[PDB]
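Engineer: Structure below; questions to follow.
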Amino acid sequence: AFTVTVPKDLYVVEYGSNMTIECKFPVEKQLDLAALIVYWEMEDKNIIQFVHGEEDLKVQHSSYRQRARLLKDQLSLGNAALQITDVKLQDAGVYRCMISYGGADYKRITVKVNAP
């Protein structure tokens, strides 16, 4: 069965530093962009909506604009890493990594932001 794995389910970050949360899914021999769907969220805010090789920055939440990017250099390695810059207190919460690639699964990651 298709399975999504996360090496860490809890991230502790400093105020104002950068953070890259990892989320892995199996890729065998090559990546078919037409069959991959990646979705990142927190609470109910849209962060990443990567549907068949394209992203839509209009549906993205305003709180993560110009601060969030999906590292495409590791999608071929089976790593859909979400990087958020200049972490603020509002970035603390439970993040969900939902991936659809020849199957479906999702995982949770808890992020705690230290006070400045």
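Engineer: Does segment 51-90 classify as rounded, prolate or oblate by the C-alpha gyration tensor (a ≥ b ≥ c root eigenvalues; a/c under 1.5 gives rounded; else a/b over b/c gives prolate, otherwise oblate)?
Structural biologist: Oblate, since a/c reaches 1.5 and b/c is not below a/b.
Engineer: ³J(HN,Hα) across segment 81-94 via Karplus (A = 6.51, B = -1.76, C = 1.60, θ = phi - 60°), whole Hz, x for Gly/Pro?
Structural biologist: Karplus-based 3J(HN,Hα) across segment 81-94 equals 7, 9, 10, 10, 9, 6, 5, 10, 5, 5, 7, 7, x, 10 Hz.
Engineer: Search the structure for amide H atoms under 5 Å from the amide H of residue 81, placed 1.01 Å from N in the peptide plane, and list their residues when 5 or more places away or on another chain.
Structural biologist: Residues meeting the criterion, in which the H sits 1.01 Å from N, are 23, 71.
Engineer: Rounded to whole Å and ordered largest first, report the semi-axes of the equivalent ellipsoid of segment 10-113 derived from its Cα gyration tensor (root of 5λ).
Structural biologist: Output for segment 10-113: semi-axes of 23, 15, 12 Å.
Engineer: Can I ask one more? In the structure displayed, which of 58/112; 8/112; 29/58; 58/107; 45/107 lie more than 22 Å apart, Cα to Cα?
Structural biologist: 58/112; 29/58; 58/107
Engineer: Relative contact order for segment 46-116: what is it in percent, counting Cα pairs under 8 Å that are at least 6 residues apart?
Structural biologist: On the way: 73 pairs, mean separation 14.3, N = 71.
That works out to 20 percent.
No lab work stands behind these numbers, since they all come straight from the coordinates.
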